[PDB]
Amino acid sequence: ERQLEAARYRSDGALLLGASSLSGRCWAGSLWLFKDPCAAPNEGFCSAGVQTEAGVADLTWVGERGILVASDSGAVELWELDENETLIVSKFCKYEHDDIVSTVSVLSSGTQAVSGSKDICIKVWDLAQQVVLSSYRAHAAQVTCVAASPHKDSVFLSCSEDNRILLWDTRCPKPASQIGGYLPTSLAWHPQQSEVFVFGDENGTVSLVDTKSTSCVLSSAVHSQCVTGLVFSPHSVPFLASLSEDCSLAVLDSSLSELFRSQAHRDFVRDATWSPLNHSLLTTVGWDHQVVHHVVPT
Amino acid sequence: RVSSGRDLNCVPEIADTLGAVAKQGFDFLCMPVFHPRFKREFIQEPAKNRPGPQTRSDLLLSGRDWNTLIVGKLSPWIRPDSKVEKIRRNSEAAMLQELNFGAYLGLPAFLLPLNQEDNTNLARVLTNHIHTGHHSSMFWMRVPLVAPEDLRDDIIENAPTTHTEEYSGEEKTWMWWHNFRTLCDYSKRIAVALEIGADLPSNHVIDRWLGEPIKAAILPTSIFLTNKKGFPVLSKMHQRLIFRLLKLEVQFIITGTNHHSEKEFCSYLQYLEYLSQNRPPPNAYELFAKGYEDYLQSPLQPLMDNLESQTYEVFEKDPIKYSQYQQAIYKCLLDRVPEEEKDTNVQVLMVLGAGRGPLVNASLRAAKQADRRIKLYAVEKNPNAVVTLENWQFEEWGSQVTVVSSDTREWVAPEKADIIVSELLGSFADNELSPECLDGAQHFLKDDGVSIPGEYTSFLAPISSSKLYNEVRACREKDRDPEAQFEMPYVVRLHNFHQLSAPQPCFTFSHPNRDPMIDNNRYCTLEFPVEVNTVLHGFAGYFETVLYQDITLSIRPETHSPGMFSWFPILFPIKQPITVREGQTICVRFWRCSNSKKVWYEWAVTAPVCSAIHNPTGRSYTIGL
Amino acid sequence: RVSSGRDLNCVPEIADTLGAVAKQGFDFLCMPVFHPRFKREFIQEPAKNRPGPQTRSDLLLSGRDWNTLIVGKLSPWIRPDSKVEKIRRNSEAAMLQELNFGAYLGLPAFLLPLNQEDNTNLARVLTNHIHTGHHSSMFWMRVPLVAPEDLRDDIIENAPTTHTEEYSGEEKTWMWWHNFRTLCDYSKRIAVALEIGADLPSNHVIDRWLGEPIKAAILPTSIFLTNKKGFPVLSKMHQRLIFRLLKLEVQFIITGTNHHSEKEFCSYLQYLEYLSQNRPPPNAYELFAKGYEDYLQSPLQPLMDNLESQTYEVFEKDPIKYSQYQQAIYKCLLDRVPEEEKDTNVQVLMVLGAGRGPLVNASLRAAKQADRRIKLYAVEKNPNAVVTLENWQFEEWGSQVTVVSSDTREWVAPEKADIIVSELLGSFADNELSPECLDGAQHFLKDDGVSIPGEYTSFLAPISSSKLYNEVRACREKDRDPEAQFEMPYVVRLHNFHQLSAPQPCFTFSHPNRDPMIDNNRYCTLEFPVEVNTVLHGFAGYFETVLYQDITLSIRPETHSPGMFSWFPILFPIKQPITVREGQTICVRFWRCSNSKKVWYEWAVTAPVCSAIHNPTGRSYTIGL
Amino acid sequence: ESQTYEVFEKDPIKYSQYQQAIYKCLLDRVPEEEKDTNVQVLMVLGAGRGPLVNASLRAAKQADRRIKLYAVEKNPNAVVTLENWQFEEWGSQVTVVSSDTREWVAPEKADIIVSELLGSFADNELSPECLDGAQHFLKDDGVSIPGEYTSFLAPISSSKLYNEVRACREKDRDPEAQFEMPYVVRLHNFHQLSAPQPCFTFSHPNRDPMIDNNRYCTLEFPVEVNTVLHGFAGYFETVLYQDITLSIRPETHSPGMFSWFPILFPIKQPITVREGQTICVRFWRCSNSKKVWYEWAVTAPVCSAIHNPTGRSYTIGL
Ligand SMILES: Nc1ncnc2c1ccn2[C@@H]1O[C@H]([C@H](O)c2ccc(Cl)c(F)c2)[C@@H](O)[C@H]1O
Ligand SMILES: Nc1ncnc2c1ccn2[C@@H]1O[C@H]([C@H](O)c2ccc(Cl)c(F)c2)[C@@H](O)[C@H]1O
Ligand SMILES: Nc1ncnc2c1ccn2[C@@H]1O[C@H]([C@H](O)c2ccc(Cl)c(F)c2)[C@@H](O)[C@H]1O
C-alpha cells in the first residue's frame with residue numbers, strides 16, 4: 001500500500017492512516033494507528049495495523065476506537081481498536097451500495113453516518129444497529145463528497161459531478177436543497193459559524209458560502225488543479241488547510257488568503273490533519289507514501 | 001442460450017476474482033484495466049513523473065483468457081468532455097492509454113459510458129483510436145433507457161421532478177447514442193450496452209432501440225424484485241423486455257452488489273436462465289430462418305440466370321405453397337368441366353416455368369382429386385432443369401406430360417391452354433419478371449383461359465434499422481460506383497428492425513391482361529403516416545397473390561400464409577438515413593421501368609425531406625429480360 | 001491420411017459405382033456428367049432434335065454428395081480447337097453445356113484436358129463460362145508430365161522416335177499449361193491435375209512444375225510395377241516424386257483398370273498410404289510452419305507500432321535466439337573484465353528495445369555464468385510493454401534493472417554503456433530500422449563499448465512461384481493504387497516455390513558505426529546465374545546477424561540457425577512475371593531509401609528484361625521512423 | 001516555386017504594415033541616447049526571396065536605428081535569390097542562413113524575429129511550430145513580429161461550392177476524401193449564415209510550461225434565415241506589432257491586401273437549418289511528431305460525422 005488515502009488525529013494525538021494499492025498486482029487497502037506520529041508510515045514502527053480486502057476510498061474516526069471506512073467493493077465497514085489498542089478488528093461490513101463508496105462522514109451524535117457512492121446514492125447509517133436507515137437517489141451523477149453538520153444530526157452537505165451542492169435537513173418531506181463556477185469536489189463546515197461552509201472546485205477555486213443568504217460570499221483561486229480537501233484548524237479563529245491534485249498544500253486565513261504553502265509532496269496530497277496537541281502542527285499524507293509534518297506560522 | 005457477464009468495479013486480485021466469477025457460472029467479466037481511482041497526470045510536475053508500474057501486468061492471465069474472458073472499462077474519472085481544459089487534455093491521454101492497453105491485451109470488448117448529452121470529444125478520441133494500428137476489437141457504449149437525471153427521487157425542495165409528459169425528452173438517451181455513432185461514421189465496431197433501470201419508461205422510449213445494434217443489456221441487482229421464497233425475480237414488464245433481448249442474442253451483464261446474500265450471487269443468473277428456458281415458444285418461421293437474420297442476399301433472377309439444382313430443392317420444400325397451388329387447380333377444374341363432361345372434355349394445362357417438376361405433380365394431384373381429364377405441357381427454359389423433367393417423364397409421367405425446352409415468349413405451342421399454371425413470382429411479386437413472361441404466353445391461352453396465379457400485388461413499408469443500413473454500407477465494391485450498393489434491392493430475412501408504418505400496396509398485375517396498350521411500366525406514390533420519432537433507412541417489400549378466387553399466398557406479415565417459409569422480404573435501401581418526427585408523413589415514390597433488354601426499379605423519398613432518385617436508368621441494378 | 005480419388009470413364013449406375021469406390025477407400029469419384037460416347041449435335045437437322053433426357057438426373061444423389069464426392073469430366077469427343085469448323089462449333093456448345101450442368105450440380109471440381117499445343121478456343125470458352133453466372137467451382141487441367149507423342153513406343157519404321165536430347169522440347173507440356181493459364185488471366189479457379197507416366201523425364205522437366213498450383217496427381221494403374229508378392233509398387237524415382245507431391249497436399253487420383261487381379265484393387269491406395277507413412281520425416285522447422293504455408297502477412301513495424309502482448313509472446317518462444325544472445329553477452333563480459341577485476345568492475349549493460357524482458361533475463365543469466373558485475377538499463381518505448389517490465393522489476397529484478405520508458409534516440413542517459421544489446425532486427429535484417437535506432441544510441445555508448453549485434457546482412461534470392469504471384473494479385477484493395485500490393489514486401493513462410501539462384505548478400509550494417517557521414521541509404525546490384533527455364537515472380541529475402549564474434553543468428557537457408565523459426569522469410573514481388581531461359585542471368589537492383597519521417601525499399605529487375613522501379617518514393621510501402 | 005513567391009510579394013499593403021511594425025519596434029527598443037551604441041539583432045525567419053529583409057532595411061532607415069540582419073530560409077531555391085541579393089546589394093549587413101529555424105544553431109540572440117509563416121487560416125502553414133523551435137535563440141525580452149494571430153470561422157451556404165468539392169473525387173483514394181480537406185478559394189457565389197467567430201489563437205513568444213499547439217474549440221452560430229449549410233469559411237487576423245495589424249476577416253479586412261483568399265472547410269452532407277436555429281461546430285487542431293491536421297464536426301441542429309479523423313484525408317507536413 002503506497003497510496004496514502006487518509007490521515008486523522010484523534011483526541012490524544014494518535015494518527016490514524018488509511019492506505020490502498022492503486023497499481024501493481026494487488027488492489028487491496030490497509031488501516032494503521034501510530035501513537036508516535038513521527039514514525040509514520042513505517043509499518044515496523046506502528047501501534048496497530050490491518051490489511052483490508054479492498055481499497056480505502058475514505059475513512060472517519062468514530063469516537064476514539066472506531067473507524068468507519070468507505071470501500072472500493074461498495075461496502076461501508078466499521079473497524080474497532082481492541083482493549084490494548086494493538087489490533088484493529090472488523091465489526092461490520094455491509095455491502096449496500098452498488099459501486100465504489102467514495103465518501104463517508106460521522107453525524108454529530110457519533111451514532112449515525114452518511115455514505116456517498118459512485119452509484120449516485122446517499123445512505124444514512126445507524127452504526128450500532130449496523131443497518132441503513134435511509135437511501136436517497138438525489139443526485140444525477142457520482143457523489144463526490146458528503147459532510148455532516150458539526151452539531152445537528154439531521155443536517156449535512158453533499159456535492160456531486162451533476163454540479164449540485166445540496167444542503168440537507170431530513171426533517172423536511174424533500175430533505176435536500178440546491179446551493180448557489182466548475183464542479184464541486186470538496187466540502188468543509190466552519191467549526192465556529194455553524195451556518196457557514198467552504199467548498200473546493202475541480203478548477204482550483206475555494207469558495208466560502210453562507211447557509212442563510214445562500215449566494216456565495218468569497219472565492220479564491222487557490223490551486224492550479226482539483227481541490228481534494230479543505231480542513232479547518234483547531235484555533236478559535238481557524239485557518240483552512242486546502243489540498244490539491246497539483247501536489248501542493250495551502251493554508252488560508254478567514255479572507256481565503258494564502259499564509260502557508262507547502263510543495264513538499266511529489267504526488268497528490270490526499271489528506272490534512274491538524275494536531276490536537278500543537279495547533280500550529282498540521283500533518284498531510286500523499287500518493288508518494290510521504291507523511292509530512294508541517295509547522296504552520298500561526 | 002444465455003451468455004452472461006459480471007460487471008465489477010473492484011478486483012483486488014484478478015486470478016482470484018476470475019475464479020469466483022467462473023464458479024458463479026458467468027461466461028465473462030467486465031473489469032477496469034487500470035485502478036478506477038488511480039488518477040494519472042500527463043502534463044504538470046511532479047505528478048506526471050509518478051513512478052512504479054502504471055497497472056497490473058499482462059502476464060497475470062493467459063492470452064486466451066485476455067481474448068475471451070475479460071471486457072475492459074474506461075476509468076470513471078476519464079472525462080474527455082469536461083469544461084476544464086486541463087481535465088479534458090489529461091482525459092484524452094488517459095483514454096488513449098486505456099484503449100491502447102486494452103488493444104495490447106487483445107480484449108474482445110471495451111465499455112465506454114454515454115452518461116450526458118455532449119460526448120463529442122469522447123467520440124473524436126474513440127474514432128482516433130479506431131484509426132490507429134490494426135487492433136480490431138468491439139466497443140460497447142453503456143447507455144441507459146432512462147437518464148439518471150430523469151429517474152431521481154423527488155426530494156430536492158427547490159428543483160422538482162417534472163410530472164408533465166414530454167414525448168421527445170423521454171427519448172433523450174437514444175439521441176445521446178445516435179449523435180455519438182453519427183460522429184463516429186457508423187463504425188461497425190461501435191455498439192450498444194443498454195442499461196435497464198428499476199422503472200421502465202413508456203413503450204415509445206423502449207422502441208427507440210429497435211433496429212439499433214444492441215450487443216449487451218446491463219441488469220443491475222437493484223432492479224430485481226424478491227419472490228415468495230426470497231429469490232431474485234423481475235417484473236412482468238421487465239420480463240417482456242428480456243424476451244425481446246433474447247431474440248437479438250444479447251449478452252446479459254449483471255452489475256451492482258449482492259442484495260440476495262441468503263440465496264448467493266448465481267441466483268440472479270439462474271433466474272435469467274429460467275426465463276431463457278421458459279421463454280414463449282417460437283413459430284416454425286423462427287425455426288427455419290435461424291442463420292439468415294439480416295443476412296443480405298441478391299434477389300434471384302430465374303429468367304436471366306439458370307438456377308442451380310440445390311436452389312430448386314430449397315424452393316420446392318414448401319408443402320403449404322404447393323398445396324395452395326393444388327387446391328387452386330382442383331377448384332378451377334371443377335368450375336370448367338361439369339359432371340356431364342367428366343370424360344369428354346380434356347383440359348389443356350400449361351405449366352410455364354416447370355423447374356424440376358413440383359407444379360407438374362401439383363397439377364397431377366389436383367386432377368386425381370377433382371376427377372377431371374388433363375393434358376399437361378411442362379415449359380421450362382433452363383436446360384439443366386429440363387434434364388430432371390425428361391427423366392421424370394420417361395420414368396413416371398409418360399405421354400400425359402409433354403416436356404418443352406423453351407422460353408414461354410418464343411414457344412410456338414401446338415395447342416391452346418385452358419389453364420396456365422406458373423411460379424414466376426419473387427419476394428416483391430413482379431421482381432422475377434412474371435408480367436413479361438406471362439404476357440408473352442397469352443397468344444396460346446384460350447379466349448376464356450385461366451391464369452394461376454390470377455393476380456399479384458407488391459407491398460412496401462418504411463423501416464428503421466441502423467444494423468441493416470450498416471450491412472448495406474459494407475457491400476461497397478471495387479470497380480463500380482461506391483454507392484451502387486444502396487441502389488439495389490436485397491432479399492433478407494428482416495430481424496432487428498422497426499416497421500414505421502403499415503404496408504401499403506405498390507404494383508399490381510392481373511393475368512390474363514386485356515387493356516390494349518399493355519405497358520408493364522408503373523409509377524406509384526405512397527404516403528406512410530408515422531406515429532413515432534425515428535430514422536428511415538429503407539423500405540421492406542412483400543407480396544400477395546391470388547392463385548384462384550379464395551386460394552391465395554402472402555408474405556405481407558399481417559396476412560402471411562401460415563407455414564410458408566420459402567420467400568423472405570425484399571429491402572430497398574436509401575443512400576442517406578432520414579430523420580422523421582412523430583406525426584410526420586414519409587412519402588415514397590416507386591417506378592417500375594424497362595426497355596427491350598432489362599426491367600428495373602427506381603425510387604425516391606419526397607417527404608419529410610427529399611432524397612436523390614435511386615437507381616436512375618438501372619445504373620446499379622437491372623433485371624435481365 | 002492421403003486424400004484420394006477414383007477416376008472412371010464407365011459409371012453404369014452412379015450409386016452402385018459410388019458405393020464400390022467408397023468401399024475401396026476413395027474420398028471422391030471423377031466421372032463424366034454425360035455419357036463419354038454420346039456425341040451430341042447443336043446445329044444440324046435431324047440429329048439436333050434428339051429427344052429423351054440428355055443425361056442422368058440430378059435427383060440420383062443428394063446435394064451433399066454432388067458437392068463433396070463428384071468431380072465432373074469433359075467428354076472426350078469435345079474439341080473446341082478442331083481444324084474443322086463444324087466440330088469447333090459443336091464442341092463450344094457442348095463444352096458450355098457440360099460446364100453449365102456441372103455448375104447446376106454444384107460439383108466441387110471439373111477436369112478438362114490439355115493434350116495438344118493449341119487450346120486457345122478451349123481457354124476462351126472456359127473464360128466465358130467463368131464470366132457467366134455464379135461460380136466457386138474449380139477447374140483441374142489434366143496435363144501430362146510427358147506428352148503422349150514423346151513417350152510412344154519406337155515401333156514406327158518410317159517415323160523413328162528422336163534419340164536427341166531437346167532441353168526445351170522435353171518441357172513442352174509446361175508451356176501447354178502456361179499459355180492456357182496466361183490466356184485465362186491467372187484465374188484462381190484454374191489449377192493443375194498433373195498426370196504421371198510409366199517413364200519419368202529428366203529432373204529439369206519435373207522441376208518446371210515447382211511453384212505451380214498442382215491440386216491433383218493422376219497415377220494410372222499401368223505405371224505400378226508388381227512386387228514378388230503380386231503387390232503394386234512404384235519405382236524409386238516415382239516414389240521420390242510422390243514424396244514431393246505429399247509436401248504439396250495434392251489429391252492423388254487412380255485412373256485406369258485394375259491390373260493386380262488376384263491382389264484386389266484398394267492395393268494402389270494401400271501403397272500410397274504406405275509411402276505416406278514411410279515418407280522422409282518432417283523436421284522441427286516443418287512442424288512449426290504448419291498452416292502458415294504461402295500465407296502472406298505484413299512485416300511487423302515495432303518502431304511505428306506498439307506490438308501486442310501476444311506478438312511479444314510468439315517472438316519470446318525461441319529458446320535458440322536467447323541462448324545465442326546469452327552466450328554473446330557472457331563471452332563479451334569475459335573479454336572486457338579480467339578475473340582480477342571480477343569484484344571491482346561494474347559493466348553498464350543497456351538493452352535497447354527490451355520488450356517484456358527476455359533479453360534482460362538473458363543478460364542476468366550471462367553475468368552470473370561469467371561471474372561478472374553488471375548494472376542493467378531496460379529501454380522500451382512501448383508503454384504497454386513497460387508495464388510488464390516495471391511489474392518484473394518490482395517483483396523479481398530489483399534495483400539492478402533500471403526500467404527506462406523511452407525511445408532510444410531521445411533518451412538522455414545518466415551514464416555511458418560498456419555494452420548495448422538489442423533485438424531490433426527483422427526478416428530482412430534492417431527492415432525494422434535497427435540502423436537508425438542503434439545510431440541514435442551511439443552518443444551514450446563508451447568509446448570502446450560493444451554492440452550486440454555488431455553486424456547484420458540481408459540476403460536475396462530470385463524465386464519462381466505462380467502460386468505466390470496469384471496470392472499477391474488477390475491483395476488488390478479499394479481506395480488505393482490497383483497495383484500497390486506488388487510494391488510492398490510480405491513476411492511469408494515460402495513453401496510452393498522454386499529458388500532460382502543461391503542467395504547473395506544485399507545490405508550490411510555495422511554497430512558502432514566507425515565510418516563518418518556513413519548514411520543508412522543503400523544501392524545494390526546483384527547478378528544471379530540461372531540454369532533452368534523458368535518464370536521469375538519475386539525475390540525471397542533473408543538475414544544473418546553477428547551477435548558477437550562467432551555467435552551468430554541466421555535465417556539464410558544454407559546457414560540457418562537450426563531450431564529458430566520465429567522469423568519467416570520476406571517476399572519482394574514484381575508486377576509482371578519475367579521469362580527466364582537457361583543460362584541467362586537475372587540482375588536485380590535494390591535501394592534502401594529514406595527521409596526524416598520514413599524508410600523504404602525500391603527495387604527493379606534489369607536483366608534478362610527490365611521492369612518498372614517498384615515502390616518509388618514509398619508510394620505503396622514505407623517503414624515508419 | 002519562383003512564380004509563387006512573385007505572386008505573394010506583390011502586396012504593397014502587407015509589406016508596408018510589416019515595415020511600420022519593425023519601425024515602431026526599433027524606436028520602442030533603442031532610445032535616442034543609444035542611436036549608435038545599441039545594434040539590434042533582427043532575424044527574418046523564412047526570408048523567401050527577400051521582401052521582409054528589404055522591409056527590415058526600410059524600417060531601419062526611417063527609424064534611424066542600427067540593425068544586424070539574419071535571413072533564415074530552408075528552401076535552397078529561394079536561398080539562391082537571397083545570396084545573389086546579398087552579394088550584389090545587401091553586403092555584410094545581411095547574413096543569409098540556409099536552414100530550418102527549428103534546427104539552426106544561431107551564433108547570436110535576436111532582439112526581434114520577423115516572419116511571414118501565416119496562411120489563410122492563420123496557423124495552417126504551421127507558424128506555431130516553426131516559431132516555437134526558434135524561441136531558444138530569441139532574447140529573454142525578444143519581440144516576435146507578428147505577436148499574435150487568430151483564425152475565424154463562419155458557416156456558409158453554397159450549392160455551387162458544394163458541387164465544386166463533389167467534383168474533386170479521385171481514383172485510388174477514399175471516394176469522400178475531397179470533403180475532408182480545406183481548400184483556398186476566392187469565395188464568390190455563397191451566403192454567410194452567421195458572423196465570423198474566432199477559432200484558434202497563438203501568441204509569440206509563448207511562455208506557458210507545456211506549450212501544446214493542439215486545440216479544441218466549440219462555436220455556436222446564430223442563424224436568422226432558413227438555409228442549407230455546406231461548409232465553413234475560414235479567415236485570419238494578425239497583430240504584427242501593437243496597433244499595426246493584418247486581416248482577411250471581411251468586416252476588418254486590410255484595405256488593399258489581395259494576396260490571401262479565404263479557406264473553406266467542406267462538410268460531406270449538407271445540413272438543413274431553419275430560421276432561429278443554431279449551427280454548432282467543433283474544431284480540433286491535432287498533431288503528432290510528423291504531421292499537423294484539423295478535424296471538424298457539426299453537432300447542431302443535427303450531427304455530422306467527424307471529418308478527417310486522424311488526418312486520413314488531409315495532413316500538413318512538419
Ligand atoms: N420466360 C420463361 N420461359 C420459360 N421458363 C422460364 C421463363 C422465366 C423463368 N423460367 C423458369 O421458371 C422457373 C421458376 O422461376 C421456378 C420454378 C420452380 C422453382 Cl422451385 C423455382 F425456384 C423457380 C425456373 O425454373 C425458370 O428457369
Ligand atoms: N527506438 C526505439 N527505442 C526503444 N524501443 C524501441 C525502439 C524501436 C523499437 N523498440 C522496441 O524494441 C522491441 C523489439 O523490437 C522487440 C523485442 C522483443 C520482441 Cl519479442 C519483439 F517482438 C520485438 C519492441 O518491444 C519495440 O517496442
Ligand atoms: N521552419 C522553417 N525554417 C525556415 N524557413 C521556413 C520554415 C518553414 C517555412 N519556411 C520558409 O518560409 C517562407 C514563407 O512561407 C514565405 C515567405 C515569403 C513569401 Cl512571398 C512566401 F510565399 C512564403 C518560405 O520561403 C518557406 O520556404
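The figures that follow rest on heavy atoms only: side chains count, while hydrogens, waters and symmetry mates do not. The sequence lines fix the lettering, A, B, ..., with proteins before strands; numbering per chain opens at 1.
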Heavy-atom count around [X] [atom1] within 6.0 Å, excluding the residue itself: above 12?
{"X": "D:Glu164", "atom1": "CD", "answer": "no"}
{"X": "B:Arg480", "atom1": "CZ", "answer": "yes"}
{"X": "B:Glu117", "atom1": "CD", "answer": "no"}
{"X": "D:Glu224", "atom1": "CD", "answer": "no"}
{"X": "D:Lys139", "atom1": "NZ", "answer": "yes"}
{"X": "D:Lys290", "atom1": "NZ", "answer": "yes"}

Please look at [X] and chain D and tell me whether the side chain, the backbone, both or neither of the residue comes under 4.5 angstrom of a heavy atom of that chain.
{"X": "B:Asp118", "result": "side chain"}
{"X": "B:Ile43", "result": "side chain"}
{"X": "B:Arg181", "result": "neither"}

- Item | side chain to side chain contact (heavy atoms under 4.5 Å, CB included) between D:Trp284 and B:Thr120, intermediate numbers included | CA-CA 11 Å; D:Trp284 293 258; B:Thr120 318; 3.6 Å; yes
**OP:** Would you mind checking if B:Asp185 and D:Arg312 are paired as a salt bridge, meaning a charged N to carboxylate O distance below 4.0 Å?
**Re:** yes
Please flag which part of [X] lies under 4.5 Å from any non-hydrogen atom of chain B: side chain, backbone, both or neither.
{"X": "D:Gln269", "value": "side chain"}
{"X": "D:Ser304", "value": "backbone"}
{"X": "D:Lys171", "value": "neither"}
{"X": "D:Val298", "value": "backbone"}

Contact between B:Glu45 and D:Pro209 at the side-chain level, heavy atoms closer than 4.5 Å - yes or no?
no
> If only atom types and distance count, is the side chain of B:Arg89 paired as donor or acceptor with the main-chain N or O of D:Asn214 below 3.5 Å?
Replying inline: yes
Given B:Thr579, B:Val609, B:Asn121, the one with more heavy-atom pairs under 4.5 angstrom with chain D than any other is B:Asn121
Interface check, chain D: of B:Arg124, B:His178, B:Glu483, most non-hydrogen pairs under 4.5 Å belong to B:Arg124
Value for CE (D:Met210) from NZ (B:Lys86), rounded to nearest 0.5 Å, stands at 7.0 Å
Interatomic distance, CG@B:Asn128 vs CD1@D:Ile306, rounded to 0.5 Å, equals 8.5 Å
Taking every heavy atom of B:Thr127 against every heavy atom of D:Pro309, the minimum-distance pair comes out as CG2-CB, 3.4 Å
In terms of heavy-atom pairs under 4.5 Å with chain B, the winner among D:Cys303, D:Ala297, D:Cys286 is D:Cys303
Using the rule given for side chain to side chain contact (heavy atoms under 4.5 Å, CB included), can you reason through B:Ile130 versus D:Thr310, listing the C-alpha separation, both sets of side-chain angles and the distance that settles it, and then say yes or no? CA-CA 9 Å; B:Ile130 285 169; D:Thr310 313; over 6 Å; no
